[PDB]
Amino acid sequence: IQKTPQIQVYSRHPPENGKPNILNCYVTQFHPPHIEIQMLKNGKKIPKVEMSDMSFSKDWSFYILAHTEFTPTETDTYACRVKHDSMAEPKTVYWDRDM
Amino acid sequence: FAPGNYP
Amino acid sequence: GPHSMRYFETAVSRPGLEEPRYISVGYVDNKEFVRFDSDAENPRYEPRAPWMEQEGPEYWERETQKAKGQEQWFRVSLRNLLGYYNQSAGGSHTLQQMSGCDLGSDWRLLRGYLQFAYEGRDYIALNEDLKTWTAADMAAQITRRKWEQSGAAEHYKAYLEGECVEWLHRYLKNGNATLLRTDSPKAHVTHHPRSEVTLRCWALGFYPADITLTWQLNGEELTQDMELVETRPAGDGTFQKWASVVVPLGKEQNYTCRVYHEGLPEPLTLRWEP
C-alpha cells in the first residue's frame, strides 16, 4: 500500500555558472499523497519554494513538482529532502548537473 | 464539465 | 488529432483530521484546466488555463455545487470502506476516481472511463461497454451487487456519451491554440569521459510527454547497458528526457541516438558532434 517516492533533481535550463535558472525536484510514484519536500543549498533550507498542487497518474500514484530560482556556482551544492510515510527517515537527493 | 456520481 | 477529457478526484482522510479533504482536477488533452479543493477558504472550482477564464459566472457556480455533492459522496464512501475492509480507525485512507471521455480525430466518442481506487488499488471499474462492472476484491463485491441492481451504469453511460462529449467539444473550440500545438523535441548528444566514454542523448522542449529514445550500433538497438531517466517536466510546459550509453573513446561516431515523438515529421537521428 505504501509506495516510495522516486526523486529527480535537475535544472530547467542547461546549467551555467553565474546564470539564473530554476532548480526542480520531481517526486513521483508515491502513496499516500501526504509528503513534505524541502529544497536545500549547502545543507540549508531554501525559503521561497514553489510546490505544484496534488495530482495523480493513470496508475493511481501521486506526483509533485517543486522548484526554486537559483544561480548555480562551481561549489554550491543543491539537494532535495523528501519526508514520506514509506520511509523511516527523510531522503536527501543531491543535484548532479550532468543529468 | 464535472461528473456527479450516482447517489 | 484525437482529444480527451478527464476528472481525477481524491478524498483523503488522516489519523489527525476529523473530516477528509476532497480535491478534484479536470484535464483536457491531458492539461489541467479546472481544480477544486475543500481546504481552501470558500472552496470553489477555479480555472487553470488562460482560455478557461472566458467561461461565465454561472458555469463556475454549477461546477462548485457538483463538487460539494461529490465531497459528501466520497465522505460516506470512505466511512463504508472502513467497514468493508475491517479497518480500525486511526490510519490514513484514500479513495480516488477517474472519469472521462476519449474522442477520435473526428471528434466522436471512442471510449468512456469510470474507475475507482481504494488505498491506491483498483476497487471497481465500469467496463468499456458502459453497462457492466469489474470488481476484483472480495470486499468490492458488496459495491458491485448494489450497483448491478440499480442502473448506476446507465447514469454514468448517459454522462460519458452526452455531457462529457458536448462540453469537451465546447472546450476544444475555445482553447484551440494551446491544446492542438505540439512541440517537437530538440535533441543533442553530450560527452562525458570515463575509464571508455559516456554518451548522453538529450531531448528537450517537447510536448506532449510521450517520447522514446534509443541508441544504435551497426543497426542494433542496445537493450541492456543503456541508462535513462523517467520523462520529467522542465516546468515551462515542456518535458525532458535523456538516454546514455557507455562506449570506448574512439568508437564514438559509430553510435546513433534516435528520438521518436508525435511532433516530429519523422524520427530524429543524431551522433556525437565535436
# chains A, B, ... in the order shown; residues from 1 in each chain; ligands from 1
$ residues_around --residues "residue C:131" --least-positions-apart "2" --cutoff "12 Å" --atoms "only C-alpha atoms" --output "VMD selection string"
chain C and resid 112 to 114 125 to 129 133 to 134 147 to 158 160
$ interface_residues --of "chain A" --to "chain C" --cutoff "10 Å" --atoms "only C-alpha atoms" --output "MDAnalysis selection string"
chainID A and resid 1:3 6 8 10:13 22:28 30:34 52:62 65:67 98:99
$ select_by_dssp --residues "stretch 8-79 of chain A" --states "strand (DSSP E or B)" --output "PyMOL selection string"
chain A and resi 8-11+21-31+36-41+44-45+50-51+55-56+62-70+78-79
$ atom_distance --atom1 "atom CA of residue C:85" --atom2 "atom CA of residue C:142"
11.0 Å
$ residues_around --residues "residue B:1" --least-positions-apart "5" --cutoff "12 Å" --atoms "only C-alpha atoms" --output "JSON, numbers by chain"
{"C": [5, 6, 7, 24, 25, 26, 27, 28, 33, 34, 35, 45, 52, 55, 59, 60, 61, 62, 63, 64, 65, 66, 67, 99, 100, 101, 159, 160, 162, 163, 164, 165, 166, 167, 168, 169, 170, 171]}
$ write_last_selection --atoms "C-alpha atoms" --output "PDB file, in the first residue's frame"
ATOM      1  CA  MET C   5     -11.175  14.887 -21.080  1.00  0.00           C
ATOM      2  CA  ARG C   6     -10.769  13.592 -17.520  1.00  0.00           C
ATOM      3  CA  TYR C   7     -11.652  14.358 -13.970  1.00  0.00           C
ATOM      4  CA  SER C  24     -10.897  17.360  -7.953  1.00  0.00           C
ATOM      5  CA  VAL C  25      -8.918  18.210 -11.055  1.00  0.00           C
ATOM      6  CA  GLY C  26     -10.087  18.434 -14.639  1.00  0.00           C
ATOM      7  CA  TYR C  27      -7.961  17.996 -17.684  1.00  0.00           C
ATOM      8  CA  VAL C  28      -8.417  18.487 -21.374  1.00  0.00           C
ATOM      9  CA  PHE C  33      -7.871  23.242 -16.720  1.00  0.00           C
ATOM     10  CA  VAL C  34     -10.012  23.330 -13.537  1.00  0.00           C
ATOM     11  CA  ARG C  35      -9.477  22.482  -9.853  1.00  0.00           C
ATOM     12  CA  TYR C  45     -13.763  25.298  -8.826  1.00  0.00           C
ATOM     13  CA  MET C  52     -10.985  28.885 -19.394  1.00  0.00           C
ATOM     14  CA  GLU C  55     -16.283  30.970 -19.125  1.00  0.00           C
ATOM     15  CA  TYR C  59     -20.719  27.887 -15.213  1.00  0.00           C
ATOM     16  CA  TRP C  60     -18.428  28.300 -12.124  1.00  0.00           C
ATOM     17  CA  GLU C  61     -21.212  28.092  -9.585  1.00  0.00           C
ATOM     18  CA  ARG C  62     -22.712  24.978 -11.154  1.00  0.00           C
ATOM     19  CA  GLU C  63     -19.468  23.073 -11.095  1.00  0.00           C
ATOM     20  CA  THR C  64     -18.836  24.092  -7.423  1.00  0.00           C
ATOM     21  CA  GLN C  65     -22.239  22.696  -6.465  1.00  0.00           C
ATOM     22  CA  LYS C  66     -21.362  19.401  -8.128  1.00  0.00           C
ATOM     23  CA  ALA C  67     -18.048  19.368  -6.190  1.00  0.00           C
ATOM     24  CA  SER C  99     -13.755   9.552 -15.307  1.00  0.00           C
ATOM     25  CA  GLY C 100     -13.838  10.941 -18.776  1.00  0.00           C
ATOM     26  CA  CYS C 101     -14.316  10.819 -22.445  1.00  0.00           C
ATOM     27  CA  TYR C 159     -22.844  11.367 -18.840  1.00  0.00           C
ATOM     28  CA  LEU C 160     -19.933   9.836 -20.688  1.00  0.00           C
ATOM     29  CA  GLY C 162     -23.536  13.021 -23.582  1.00  0.00           C
ATOM     30  CA  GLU C 163     -22.299  15.908 -21.420  1.00  0.00           C
ATOM     31  CA  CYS C 164     -18.669  14.735 -21.374  1.00  0.00           C
ATOM     32  CA  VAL C 165     -18.655  14.784 -25.167  1.00  0.00           C
ATOM     33  CA  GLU C 166     -20.591  18.065 -25.714  1.00  0.00           C
ATOM     34  CA  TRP C 167     -18.588  20.091 -23.197  1.00  0.00           C
ATOM     35  CA  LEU C 168     -15.311  18.662 -24.490  1.00  0.00           C
ATOM     36  CA  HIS C 169     -16.378  19.962 -27.945  1.00  0.00           C
ATOM     37  CA  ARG C 170     -17.050  23.382 -26.370  1.00  0.00           C
ATOM     38  CA  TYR C 171     -13.716  23.459 -24.565  1.00  0.00           C
TER      39      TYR C 171
END
$ atom_distance --atom1 "atom CA of residue C:208" --atom2 "atom CA of residue C:231"
10.6 Å
$ select_by_dssp --residues "stretch 62-168 of chain C" --states "alpha helix (DSSP H)" --output "PyMOL selection string"
chain C and resi 62-84+140-148+152-161+163-168
$ closest_residue --among "C:31, C:68, C:251, C:144" --to "chain B" --atoms "only C-alpha atoms"
C:68
$ atom_distance --atom1 "atom CA of residue C:199" --atom2 "atom CA of residue C:217"
12.7 Å
$ residues_around --residues "stretch 39-44 of chain A" --least-positions-apart "2" --cutoff "9 Å" --atoms "only C-alpha atoms" --output "list in words"
residues 23, 24, 25, 37, 46, 47, 49, 66, 67, 68, 75, 76, 77, 78, 79, 80, 81 and 82 of chain A
$ write_last_selection --atoms "N, CA, C and O atoms" --output "tab-separated table (two decimals), in the first residue's frame"
chain	number	residue	atom	x	y	z
A	23	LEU	N	15.73	25.36	-10.40
A	23	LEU	CA	16.09	24.02	-9.97
A	23	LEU	C	14.82	23.31	-9.61
A	23	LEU	O	14.04	23.82	-8.77
A	24	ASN	N	14.65	22.11	-10.20
A	24	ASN	CA	13.44	21.28	-9.99
A	24	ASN	C	13.69	20.06	-9.17
A	24	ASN	O	14.75	19.40	-9.33
A	25	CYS	N	12.72	19.72	-8.34
A	25	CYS	CA	12.69	18.44	-7.59
A	25	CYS	C	11.39	17.71	-7.97
A	25	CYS	O	10.31	18.11	-7.54
A	37	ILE	N	8.42	18.15	1.18
A	37	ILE	CA	9.52	18.35	0.28
A	37	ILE	C	10.22	19.67	0.63
A	37	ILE	O	9.58	20.69	0.76
A	46	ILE	N	16.00	26.26	1.67
A	46	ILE	CA	15.75	27.45	0.83
A	46	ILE	C	14.35	28.00	1.16
A	46	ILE	O	13.38	27.24	1.26
A	47	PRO	N	14.24	29.32	1.35
A	47	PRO	CA	12.97	29.90	1.80
A	47	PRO	C	11.78	29.85	0.81
A	47	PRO	O	10.72	29.33	1.18
A	49	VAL	N	10.11	28.27	-1.89
A	49	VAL	CA	10.00	27.04	-2.70
A	49	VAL	C	8.55	26.86	-3.22
A	49	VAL	O	7.63	26.68	-2.44
A	66	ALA	N	8.45	20.38	-7.34
A	66	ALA	CA	8.93	21.51	-6.51
A	66	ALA	C	10.04	22.24	-7.26
A	66	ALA	O	10.89	21.61	-7.90
A	67	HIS	N	9.97	23.57	-7.28
A	67	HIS	CA	11.02	24.36	-7.89
A	67	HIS	C	11.30	25.70	-7.21
A	67	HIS	O	10.50	26.23	-6.42
A	68	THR	N	12.46	26.23	-7.56
A	68	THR	CA	13.01	27.43	-6.94
A	68	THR	C	14.04	28.09	-7.85
A	68	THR	O	14.75	27.42	-8.64
A	75	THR	N	30.72	25.58	-6.69
A	75	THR	CA	30.85	24.89	-5.41
A	75	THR	C	29.60	24.86	-4.54
A	75	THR	O	29.60	24.20	-3.52
A	76	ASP	N	28.56	25.61	-4.90
A	76	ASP	CA	27.27	25.50	-4.17
A	76	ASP	C	26.63	24.12	-4.44
A	76	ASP	O	26.54	23.71	-5.57
A	77	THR	N	26.30	23.39	-3.39
A	77	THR	CA	25.60	22.12	-3.59
A	77	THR	C	24.12	22.35	-3.34
A	77	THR	O	23.69	23.15	-2.47
A	78	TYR	N	23.32	21.63	-4.11
A	78	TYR	CA	21.87	21.73	-4.00
A	78	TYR	C	21.34	20.34	-3.84
A	78	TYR	O	21.90	19.37	-4.36
A	79	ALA	N	20.25	20.26	-3.09
A	79	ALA	CA	19.61	18.99	-2.80
A	79	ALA	C	18.12	19.13	-2.51
A	79	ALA	O	17.62	20.20	-2.17
A	80	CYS	N	17.45	18.00	-2.65
A	80	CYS	CA	16.07	17.90	-2.34
A	80	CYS	C	15.92	16.93	-1.16
A	80	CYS	O	16.50	15.86	-1.17
A	81	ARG	N	15.15	17.31	-0.17
A	81	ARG	CA	14.90	16.46	1.01
A	81	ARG	C	13.40	16.12	1.09
A	81	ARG	O	12.55	17.02	1.14
A	82	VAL	N	13.07	14.82	1.10
A	82	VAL	CA	11.70	14.37	0.95
A	82	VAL	C	11.34	13.54	2.17
A	82	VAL	O	11.98	12.55	2.43
$ residues_around --residues "residue A:71" --least-positions-apart "3" --cutoff "9 Å" --atoms "only C-alpha atoms" --output "PyMOL selection string"
chain A and resi 15-23
$ write_last_selection --atoms "C-alpha atoms" --output "CSV table (one decimal), in the first residue's frame"
chain,number,residue,atom,x,y,z
A,15,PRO,CA,23.3,24.8,-16.2
A,16,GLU,CA,25.9,27.5,-16.5
A,17,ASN,CA,27.7,29.1,-13.5
A,18,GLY,CA,26.6,32.6,-12.6
A,19,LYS,CA,23.5,32.4,-14.8
A,20,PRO,CA,20.0,32.5,-13.3
A,21,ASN,CA,18.0,29.2,-13.7
A,22,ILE,CA,15.3,27.1,-12.0
A,23,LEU,CA,16.1,24.0,-10.0
$ closest_residue --among "A:64, A:48, A:94, A:70" --to "residue A:35" --atoms "only C-alpha atoms"
A:64
$ closest_residue --among "A:83, A:38, A:51, A:29" --to "residue A:4" --atoms "only C-alpha atoms"
A:29
